[PDB]
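First up is the structure itself, then whatever we jot down about it.
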Amino acid sequence: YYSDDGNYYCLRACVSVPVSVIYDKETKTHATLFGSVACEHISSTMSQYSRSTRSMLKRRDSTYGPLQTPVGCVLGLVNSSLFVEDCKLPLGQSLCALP
Amino acid sequence: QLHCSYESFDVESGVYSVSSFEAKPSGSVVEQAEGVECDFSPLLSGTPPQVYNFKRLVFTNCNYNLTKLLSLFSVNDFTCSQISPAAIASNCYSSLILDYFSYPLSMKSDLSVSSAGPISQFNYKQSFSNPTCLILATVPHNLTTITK
Amino acid sequence: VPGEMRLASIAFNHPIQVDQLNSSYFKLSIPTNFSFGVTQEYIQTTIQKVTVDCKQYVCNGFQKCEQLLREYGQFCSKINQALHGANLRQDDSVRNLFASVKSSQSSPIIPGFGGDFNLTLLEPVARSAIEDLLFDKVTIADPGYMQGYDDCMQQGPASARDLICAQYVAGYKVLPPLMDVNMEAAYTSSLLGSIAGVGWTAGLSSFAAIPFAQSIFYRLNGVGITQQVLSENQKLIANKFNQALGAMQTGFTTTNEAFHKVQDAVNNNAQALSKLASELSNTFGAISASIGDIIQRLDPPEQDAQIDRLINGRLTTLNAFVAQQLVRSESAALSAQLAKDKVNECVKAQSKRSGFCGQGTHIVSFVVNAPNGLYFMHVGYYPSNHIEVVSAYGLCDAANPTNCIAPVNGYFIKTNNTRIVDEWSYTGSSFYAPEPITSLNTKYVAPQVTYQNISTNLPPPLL
Amino acid sequence: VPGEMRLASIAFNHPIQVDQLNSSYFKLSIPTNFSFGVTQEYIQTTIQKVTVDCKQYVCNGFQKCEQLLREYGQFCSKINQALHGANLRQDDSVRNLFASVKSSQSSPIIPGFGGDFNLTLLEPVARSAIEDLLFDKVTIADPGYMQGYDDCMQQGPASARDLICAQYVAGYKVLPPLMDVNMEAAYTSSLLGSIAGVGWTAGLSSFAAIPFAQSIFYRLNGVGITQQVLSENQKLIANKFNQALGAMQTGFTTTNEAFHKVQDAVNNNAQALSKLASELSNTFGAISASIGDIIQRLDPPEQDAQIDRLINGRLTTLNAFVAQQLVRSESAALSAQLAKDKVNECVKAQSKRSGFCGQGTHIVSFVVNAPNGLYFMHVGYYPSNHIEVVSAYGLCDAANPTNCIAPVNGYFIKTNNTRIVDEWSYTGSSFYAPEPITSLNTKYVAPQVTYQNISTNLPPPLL
């Protein structure tokens, strides 16, 4: 838009943060991925928001910071730096998610 | 949500897609034409008319601030009929009309739409079909373009 | 309480490196151990065959429907014709498959077939016990046909929850397979009777009629294992083979992908039927999903507005349904062709191609009946404990350069064995097995600069 | 300026005619020259993997939609589950493909690998430069993940136009590929090291670990070229081979059909995403395609009717979209199977099939990574300068009528060469080159009336 103050400004509308979760049925536990968003925009609680709670993540993640990955920022993933052939929960890339 | 989507209390393991964050709203930003401005500058110069010779300005489609307009005089009478004097300044209307004339404060007892005085009898009257007001005020020493 | 999930790198296994080497000799990698093992596959060949009554799916003969539907009656005719043609294709593929399954001749089969090998796949004379293990682990609803209609009806348990009873509500019909499970069992035993074997020329005329163990020995010479090793290890071979055979009892888990595929073939058939059933209760903006209900409650000028909303939606789901069936039927036909190809290659012959069959060279494979398809399993050879040895491209007489030889199905390696006085030794290509070089293991070749110049003794040629 | 278009007949290339002949001898057509050349193929193996938020595509969380969409919430589950299963199949095909790609052992890769052959496919130790030439030719929008969202977000140029960052507005998500491209490159590095052995039996477990040049000569003796010819022309052969390899630098053009297929695969994925995006503005007869517009323009009883109309059309496009993706994912799986077979035949070994690969017999082929698939290239052998020569079914003694012979991988020809005193000569099937007839080039056969009756001198048998 051209504003009537003589400056062009322009509009990107807004974007949403894609989300997915890891579900480990055998232990009945979970962890999450915020897509490509990066942990600069991630916080312990959400001001946006997609759902009324984040507390199921907080059951273990109240004590931990967000972690960056090659796909993007995640919660509760723990950097173990292990090398495993197939986690059955792969995140794509070289990323993996051990039970 | 996943349990509901699979209508089960035991969903198979794996990675699943869930709804995205809506992000969030902020303070609004609005642009629209400004400054149209309801005329009101003729009142500040020359000699005002005798009350029977009062001068009128009709205003439509325009922007105003009567409380700013009235800070140009000391007001010794601020009254109205069928509208509070405060409300007429803040209320929007299809039109705004102003009459002005010189008027001594000594005659203020005679200025009402209901007054028994000769001013209401022969000099100036206002309709009861519209909200109306009457103002008495005097000129500041810094309005040198006003004459008497 | 369980620990947090752990981030990890995906491992990448590295191949054993073997250095390339210049000059007239080179490093050679050879396994020193092996194990038998198995793989499995499921190839679907059919789609369950169904038909749909095109009157009943829309309404129950209520007469407002009966008259209104006449305007759309040609669509039902198209629906019925399309479904009919789809079912014909399913039966065509069955006959075509069986034409390759049959053999002009086969061995009789008795208990103790296959000699010392366990062969638990043999029938309990009956469908094989292995086929029954598959059928028991499958979660499929109890079958129609007999008693069929009276298993819907109150003359049976109150706990039945079969879609087969819903067949008589929805107007569905499930057609019986053409193949007949008893005739099918005869076909699978006929295939077992063609074993022993694949060798001895093409095998497309003559029938060898020999014991299974002998055909195995033939196959192992076919992959470069020396005959001498095979004779020394005959009991070892049977033990390793039966260890792999015993592992089949752990083959019915959700981690076995072939097993998982069998279960999803069943799930897909049941799912399609359930979709049509659920749509009978789906209002199409009609006041109710029941036709008799809207007839009872409405003045006839408005009554059929509601009826037509319902009719149009019922027809729409049928159109989508037919299209879904046609696509599945065509994919099944192609899948059936693949199964036929494996029967005419992976089963009827030993193969050197890799690719097809389990990945361990190839040795005999077997096939059994599975619902809507065939289930294959493959015996295979897995190398282990690889070592590097010195080897030469060939050997020649230093006294006469035109006398040059090279190994047949094997390699010439420097000897590391105390039994052999000769500096070089022949080995099998699939196993480490040094042996003296003899004329049986070599052939004359044109001379080449990289061949060794041997200044002493060769028995092949003597001079 | 250009002239008029020209109508023309399609040319018909006539095959070289070769005369059939009467009696015991015949003409033979054989090339006297050849050139290496290449062909290439592209096989798509994957579909881009995507998911979509089933509420965000439909609405922006406006409260009336939040209430109205609930009636259709079960459709969203059907949509998501179908997409989820489709993405699982994509991952399965990758894991299966890689299981066949890996080898138990391989050569290390070094600079200068392959000797006199140029081997420009070698890694810049990496992905090969040839793979990067392909990636530069590809017009695809830049990938997300990292930095991802911050390159979507307003901290970037105001001129970005990528559809990849528009996904975030629409709620689309592009899933990352199952495997990191460096691991994918590592898999193809192991394939380069899997060359040699190629033959040497089936090659299934042993690894010859010999120079690339030697494996080429082995393959050339696989088509009957004599070793004598090969030894004379070794530098020439590598030079012709390298020129054929050098043509790959011009191979990345729009007239190359394999290249064109890669470009189409890129825009098949783009087409799918753009289709859904265009529908976001598509009113369905609703007063506006925007929900917020109808909220501001309509009283809520009116507003909700327009919202339902808008929702219904939006759901329909999602349903159609899923069906199309299911079709595409299936074709990708089938194509992956085709690629697997070529890896297990045409890459891992020389093949006698004809058919697959370039039409010039077969010699070694290579594969590299490509977007959405594998890119193959095939070295092939092209005959030239064909001549016809006199030839015979066999030659054997009239003095020893029960003793006959026939040529091996070649044909007996009347000699036209001044160095051979013998009236007959032997040449290889793939290339004209006369040679003395020797026992290495013959085999004993039963006698036949069409064999020439030789009254003079043959060394095989001497007597």
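For neighbour counting, all protein chains shown are included, and Cβ atoms are generated from backbone atoms with ideal geometry for every residue, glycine included. Values quoted throughout were computed directly from the atomic coordinates according to the rules given, and no laboratory measurement underlies them.
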Can you run phi through the Karplus equation (6.51, -1.76, 1.60; θ = phi - 60°) for region A:63-73 and list ³J(HN,Hα) in whole Hz, with x for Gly and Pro?
9, 9, x, x, 10, 6, 9, x, 8, x, 5
Can you give the Kirkwood hydrodynamic radius of the protein assembly as shown from its Cα pairs, in Å with one decimal?
38.3 Å
Testing the spin-label approximation: label points 7 Å from Cα along Cα→Cβ at C:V169 and D:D299. State their distance in nm.
4.4 nm
Stokes-Einstein D in µm²/s, Kirkwood radius over Cα pairs - region D:121-178 at 4 °C with 1.567 mPa s viscosity:
96 µm²/s
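For region D:56-102, just say rounded, prolate or oblate: build the C-alpha gyration tensor, square-root its eigenvalues into a ≥ b ≥ c, call rounded for a/c under 1.5, and beyond that prolate if a/b exceeds b/c, oblate if not. Intermediate values should be presented prior to the final figure.
On the way: a/c = 8.85, a/b = 3.71, b/c = 2.39.
Prolate is the answer for region D:56-102, as a/c is 1.5 or above and a/b outweighs b/c.
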At q = 0.12, 0.23 Å⁻¹, what is the log10 ratio I(q)/I(0) for region D:301-406, with the Debye formula run over Cα points and no solvent?
-0.74, -1.18
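What's the exposure ranking of B:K108, C:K235, D:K173, going from fewest to most Cβ atoms within 10 Å?
With the fewest neighbours first, B:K108, C:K235, D:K173 line up as C:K235, B:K108, D:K173.
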With each run of n ≥ 4 DSSP H residues scored as -39500 (n - 2.57), what mean residue ellipticity at 222 nm is computed for the protein assembly as shown after dividing by its residue count and rounding to the nearest 500 deg cm²/dmol?
-9500 deg cm²/dmol
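Stokes-Einstein at 37 °C, 0.692 mPa s, Kirkwood radius from Cα pairs: D for region C:103-244 in µm² s⁻¹?
Values: Rh = 19.2 Å.
Rounded, D is 171 µm²/s.
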Any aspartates and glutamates whose Cα falls less than 13 Å from that of C:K78, other than same-chain ones fewer than 8 residues away, would be C:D53
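Counting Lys and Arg as +1 and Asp and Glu as -1, what is the net charge of the other residues whose Cβ lies under 11 Å from the Cβ of D:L21? Walk me through the numbers before you get to the answer.
On the way: positive: D:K27; negative: D:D19, D:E388.
Charge balance near D:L21 sits at -1.
Based on the Kirkwood radius over alpha-carbon pairs, what is the Stokes-Einstein translational diffusion coefficient of chain B at 4 °C with 1.567 mPa s viscosity, in µm²/s? Don't skip to the answer; put the middle values down first.
Working: Rh = 20.0 Å.
Result for D is 65 µm²/s.
Over the protein assembly as shown, what is the percentage of antiparallel beta bridges among all DSSP beta bridges, to the nearest 5? The partial results should precede the final answer.
On the way: 113 of 126 bridges.
The antiparallel proportion sits near 90 percent.
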Given H placed 1.01 Å from N in the peptide plane, which residues other than close sequence neighbours of D:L178 have an amide H under 5 Å from its amide H?
A:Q93
Tensor-based shape of region B:80-148 (alpha-carbon gyration tensor, a/c under 1.5 rounded, otherwise prolate or oblate):
oblate
Modelled label-to-label distance, A:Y49 and C:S206, 7 Å Cα→beta-carbon offset: nm?
8.1 nm
Expressed in angstrom and ordered largest first, the alpha-carbon extents of chain D along the principal axes are 114, 55, 53
Let me see the pair-distance distribution of region D:248-309: every alpha carbon pair, 5 Å bin width, integer percents in order.
4, 16, 16, 10, 8, 8, 7, 7, 6, 7, 5, 4, 2, 0
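Among the DSSP beta bridges whose two residues both lie in region B:12-148, what percent are antiparallel, rounded to the nearest 5? Spell out each step's value before the answer.
Values: 12 of 13 bridges.
Within region B:12-148, antiparallel bridges account for around 90 percent of the total.
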On the formula 1/(1 + (r/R0)^6), with r taken between the Cβ atoms of D:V18 and D:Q448 and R0 of 30 Å, the FRET efficiency rounded to 0.05 is 0.85
For region B:125-146 and region C:403-433, what is the separation of their Cα centres, given in Å?
126 Å
Amide proton proximity set for B:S20, modelled H, under 5 Å, gap of 5+:
A:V19
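Magnitude of the Cβ-charge dipole of chain A, K/R +1 and D/E -1, about the Cα centre, nearest 20 debye?
Numbers: 9 positive and 8 negative charges, 99 e Å.
Dipole size: approximately 480 debye.
As a test of understanding, state the convex hull volume per residue of region D:67-172 from its alpha carbons, in Å³.
Values: hull volume 20.1 nm³, N = 106.
Hull volume over Cα atoms, normalised by residue count, gives 190 Å³.
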Any idea which of D:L315, D:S331, D:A406 is furthest toward the positive side of the dipole for region D:309-463, if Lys and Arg beta-carbons carry +1 and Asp and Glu beta-carbons -1?
D:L315
Measure of compaction for region C:356-463 (Cα Rg per 2.2 N^0.38 Å)
1.52
Around C:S329, under 12 Å between beta carbons, what's the net of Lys plus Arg minus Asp minus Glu among the other residues?
0
How big is the gap, in Å, between the Cα center of region C:255-288 and the Cα center of region A:16-84?
34 Å
Ordered by residue, what ³J(HN,Hα) values in Hz, to whole numbers, does region C:230-238 give under the Karplus form 6.51 cos²θ - 1.76 cosθ + 1.60, where θ = phi - 60° and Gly and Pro are x?
5, 5, 6, 9, 4, 5, 4, 5, 5
With the crude spin-label approximation of a point 7 Å out along Cα→Cβ, what separation in nm comes out for D:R70 versus D:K137?
5.6 nm
Overall dimensions of region D:194-246 as given by Cα atoms, namely Rg and Dmax in Å:
12.2, 34
Greater than 29 Å separation of Cα atoms is the criterion. Which listed pairs, D:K102/D:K240; A:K25/C:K137; C:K352/D:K443; C:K443/D:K352; C:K352/D:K27; A:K58/D:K173, meet it?
D:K102/D:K240; C:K352/D:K27
Note on region D:355-410: the mean projected area of its alpha-carbon convex hull, in nm², is 6.9 nm²
